[PDB]
Asks: 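One structure, pasted below without further comment.
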Amino acid sequence: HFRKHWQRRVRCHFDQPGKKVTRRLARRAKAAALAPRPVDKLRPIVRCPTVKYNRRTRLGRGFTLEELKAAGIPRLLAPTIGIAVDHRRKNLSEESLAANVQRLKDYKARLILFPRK
Amino acid sequence: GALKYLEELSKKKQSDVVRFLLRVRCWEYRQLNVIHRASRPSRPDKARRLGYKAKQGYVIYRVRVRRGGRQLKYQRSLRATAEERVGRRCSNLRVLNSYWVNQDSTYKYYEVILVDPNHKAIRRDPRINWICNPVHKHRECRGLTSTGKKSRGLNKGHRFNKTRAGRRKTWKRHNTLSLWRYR
Amino acid sequence: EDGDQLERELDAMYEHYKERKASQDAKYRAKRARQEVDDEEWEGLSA
Amino acid sequence: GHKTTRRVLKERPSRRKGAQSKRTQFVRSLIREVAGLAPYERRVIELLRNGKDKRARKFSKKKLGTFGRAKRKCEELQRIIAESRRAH
Amino acid sequence: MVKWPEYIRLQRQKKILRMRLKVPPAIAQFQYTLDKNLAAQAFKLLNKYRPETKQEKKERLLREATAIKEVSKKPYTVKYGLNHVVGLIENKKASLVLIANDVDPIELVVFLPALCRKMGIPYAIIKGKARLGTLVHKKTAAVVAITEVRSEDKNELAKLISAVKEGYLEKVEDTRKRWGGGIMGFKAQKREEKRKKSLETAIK
Amino acid sequence: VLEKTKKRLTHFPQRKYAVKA
Amino acid sequence: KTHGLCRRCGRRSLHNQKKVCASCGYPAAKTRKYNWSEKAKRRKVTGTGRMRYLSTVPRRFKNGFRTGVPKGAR
Amino acid sequence: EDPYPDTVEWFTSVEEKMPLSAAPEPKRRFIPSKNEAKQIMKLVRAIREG
Amino acid sequence: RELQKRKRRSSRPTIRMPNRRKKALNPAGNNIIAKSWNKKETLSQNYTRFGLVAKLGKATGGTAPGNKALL
Amino acid sequence: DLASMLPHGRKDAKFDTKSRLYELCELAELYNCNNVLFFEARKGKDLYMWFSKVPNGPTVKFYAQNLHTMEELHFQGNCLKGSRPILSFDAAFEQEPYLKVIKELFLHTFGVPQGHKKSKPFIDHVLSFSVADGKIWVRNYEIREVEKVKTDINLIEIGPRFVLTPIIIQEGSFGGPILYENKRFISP
RNA sequence: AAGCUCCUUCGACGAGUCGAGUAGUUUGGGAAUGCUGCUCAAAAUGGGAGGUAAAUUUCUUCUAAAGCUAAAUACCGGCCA
RNA sequence: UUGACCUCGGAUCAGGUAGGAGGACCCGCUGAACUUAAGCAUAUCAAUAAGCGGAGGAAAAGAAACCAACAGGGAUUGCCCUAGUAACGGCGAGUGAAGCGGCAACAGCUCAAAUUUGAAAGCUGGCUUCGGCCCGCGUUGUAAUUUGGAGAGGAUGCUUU
Ligand SMILES: [Zn+2]
């Protein structure tokens, strides 16, 4: 399967440890900047789509508007206090709604807020 | 709401009023030069919808390009050709966006909206200082306008697998042989 | 009022322009010299 | 499949993209009156007044390219004819 | 003979084409305008209700600022701007509308007479976007409107409404739904007998 | 920057926070 | 002879009939260059000459394009 | 056929006695101008500062 | 290559670039985190001493035995 | 192929899937057509073939499978376009009440009226419908006459070869109550 | 100046563009995979793409023809190490 | 007789800007043949090389007219497997993706469509004693408000700089 010019299109990963070190230094750069804050945002729990993977959950993009409202976290404040927001997703089920509001309540219980200035 | 009335009127193109105006206006453009400065937009609703503002710095230039084919078919559009020619004439301006105004049987007429990146009003106003930034030089030559995006196929879905994210880039990525350290 | 004089001037200038651009071939000028005029332009005198 | 409790979702304005705008309909009617008709629309009007409605449908399909577009064009033109008869 | 400059030739050619082309009614109605007496009366009222200049507005604001350092009625002015006036017309706030005849692109005002007739607002077409724009303090006004006047001028405005509507709208109702143009002169008609006798006689 | 973005940043600026282990 | 001196590139390669340099193409604004001759490209690429100003740019970048005089200098 | 037919007013012949918009009327069209209030206050600040 | 040979042959000095980085690698200031941060330790170790969560996502691998920063 | 074999029938291009199926009854009225042959393709893979009588007749929906077309070069047979065909039907077409309604719909469509001016005068092909599985097998043969040994017919397959599984027969043009439903159809 | 709440009031969303036919080119991809040229040329409970034998074209999912945007990505050239 | 507007011009007018180089990587256009296989022809090489145009420290792409058919997911980019699978091919030579899933990194926004109409509230200049003075652009629309998993307007009560 070499009818084309793989020799001029071939790539080697000799910098795998170098990129690993660079990425680790980037994560420390973020935590030096956002020092008391986690280096990521809280992501919701979402069930995988197809029949093959619907028995498991993963992390999604962001929390839905009405599940934020049920958790008691205002929309314009959630991205500020470090919660990802996804306006495209619909809950469609009390199960997903309840799981995500419980996750947001846990975040609320474990969060520390500093009073502006 | 006058712009909405003009939007409906421009959708009704073969109507009598619009046909008459397009005829007498096509004769004017044929009497004028191939590329000329247009004092004002001939279709103000289309211009304002495509981003034309009545500031100092927004210029409108009208261009006619010969229509047809080379049986070979050119991959870019007559819009792209008109935009590139207008930009080359006004090499100091950034091509914002173009629109069809009149067709004719041997030519085709486009008005191109251009912005002056060096004018103080443009520099101070946001929403346009992005085009002041230097990554937007000759968008019409690089295919970064609406016609360029359409011709390059920048749509998401199963019908644009090969062409989105760059066709040559996708082909190169698919035709690279990746060899890791621990194989 | 009806722009008749202006139309006549414009038509005369257009005819001059056409005649000049055509009379740049000298084959057109040979044809024009050898071409004979017709009588349905002289109609009006008596017939 | 699995049993999950359905939730009633709020109305989506993107779903309300369906046009019920009375003002937009007004603008379309006024622009129709002001601008007039295309020559093929004049042909369709002529056939509709003479009762050659089947021929008009065929010509509208040939000009537009689809049964539905031809049907909507003929309905719009028949409405124009009825309104003109009422106005005269 | 003599050679005209190209732009002069083009604009005179446009004058000829404007007179010769058969124009749709939506532009023939703009070809029909009003007369000197009605223009003078309308401009008397509108000159009484001209808006403030920038110098006058700055002077007024300075006057109130000085007064505050050391409670007014609603102003009544002539309304201008296509979008503003069209909004007033659709909301039936405009009592009188004046539309310039020389707007290019015409499409900016071609619908305005029909819209005014539909909404029942009296309108007139005046010769002058520069006359209209010097009525306002600009270079060009495509359309102006009178919405509300003072009590000292309510009767004058009502009388102007009656005068405009009768002595202009009756004649334009007579001739506004017909095509314009077709003002063939001697040269045009003679060229057309020449064409007809060159075509219909023997060969085509 | 635009006035609306200025207002949004004035009334909802990035907060200082921490999450307990 | 069909080749005299070219003022732009200095080679005895300007045709005397065509008045075009066979090496650089002097009358044209661009310098003649083709991708099938890497040797010619590397013969006339940057670095083969004097580097009048591009050699001085990097130090100004290093110090940050800073202007003025040292404080307390005479 | 008639090449240049007259326009039959099938839509404008009927007069509507109401506006187009049912949108509510704002307060600012009845109350004095906050924009001039702002400008006058800036002018007052300028005069006080000299 | 020709430019490099020209530089190695000329008497002009080499413009040695200092190792500056766009982003700082340690917290700085007069705050608690800045005064308690250990620059010879890693992010996770520092957060474990602090009692704080650094990552709010799923573990992408095995942590240290005493790691309490990766929820 | 079917349109070429049908001189009393005319083509019609792509039909909107969002349109109602009885809108096909008003397309028929426009072209004065009393019979409709509707090719509905699903997923771009499966053909569903509808036969109806507009405006109040019976309709039949079938799933069409195993398609071979006249441009396939294994056929070897050819016939006059528009020639009137001898229609051959298996015996089950006069036994099962459902297969008798399919028969009259096939006779009205693939019949080619006697005096039609767009027809050819000499007849040279036979169109056969057979019931082998719970399916209709359609074949087309050229009648080749060869002299007897001291003229008799040979048949050479010429054209389309397709299989139709009946799904529903509904009393109506493309609606009304269902008179037959297969209850044994397996979908791709 | 701003966020939220409620409601006997409103809610405007991109046209020679979609689409149809056709020629060339391209793709694993005639429901044309995309693109371009020519001819014709739209809609408003609209339009696009899918699901579906399920009895009718039901259901599902999004809003095109205006625009901006760091990061993870590439690198035989530039300043170095 | 004069004065406005529109359009088009002059100036070594006042102030600016583009050309060329570089092109490793990037975005477009244009575009082969040697080679391989097959009665032949398409195909393959290759949407490559060569040629032309245009940027940057990255570019490009990007916040669904998306993917799905599930209990659904949720801008873009890249790695791993998906997979030499689906698919197109004398179902030759062969060509050849993508959804899901694990990961790295994550960030959302600006307009056009609405009349500020109780007040063009917007902006370029050039004269400055640097405080504000005029020339103008602009109503054929420059500010503020809004951008459809929205929004506006009123009322209302808290909370915000
Ligand atoms: Zn030279």
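In each ligand, atom 1 is the first atom listed, and ligand 1 is the first ligand listed. Just so it is clear: chains get the letters A, B, ... in the order the sequence lines come, proteins before strands, and each one is counted from 1.
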Asks: Would you say the side chain of C/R29 lies within less than 4.5 Å of the side chain of C/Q24, judging by non-hydrogen atoms?
Replies: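 Of all side-chain heavy-atom pairs linking C/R29 with C/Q24, none is under 4.5 Å.
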Asks: So, using side-chain hydrogen bond (donor to acceptor under 3.5 Å, both in side chains) as the criterion, who are the partners of A/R24 when residues are at least two apart?
Replies: none
Asks: Residues in side-chain hydrogen bond (donor to acceptor under 3.5 Å, both in side chains) with C/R20, at least two apart?
Replies: none
Asks: Sequence neighbours excluded, which residues qualify as salt bridge (charged side-chain N to carboxylate O under 4.0 Å, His left out) partners of E/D104?
Replies: none
Asks: May I ask you to determine how many protein N/O/S atoms are under 2.8 Å from the Zn ion (ligand 1)?
Replies: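 Near the Zn ion (ligand 1), the number of protein N, O or S atoms below 2.8 Å is 4.
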Asks: Which of parallel (below 30°), tilted (30 to 60°) and perpendicular (above 60°) describes B/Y109 and B/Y107?
Replies: tilted
Asks: Can you tell whether the side chains of B/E111 and B/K46 come within less than 4.0 Å, N to carboxylate O?
Replies: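 No, no charged N to carboxylate O under 4.0 Å.
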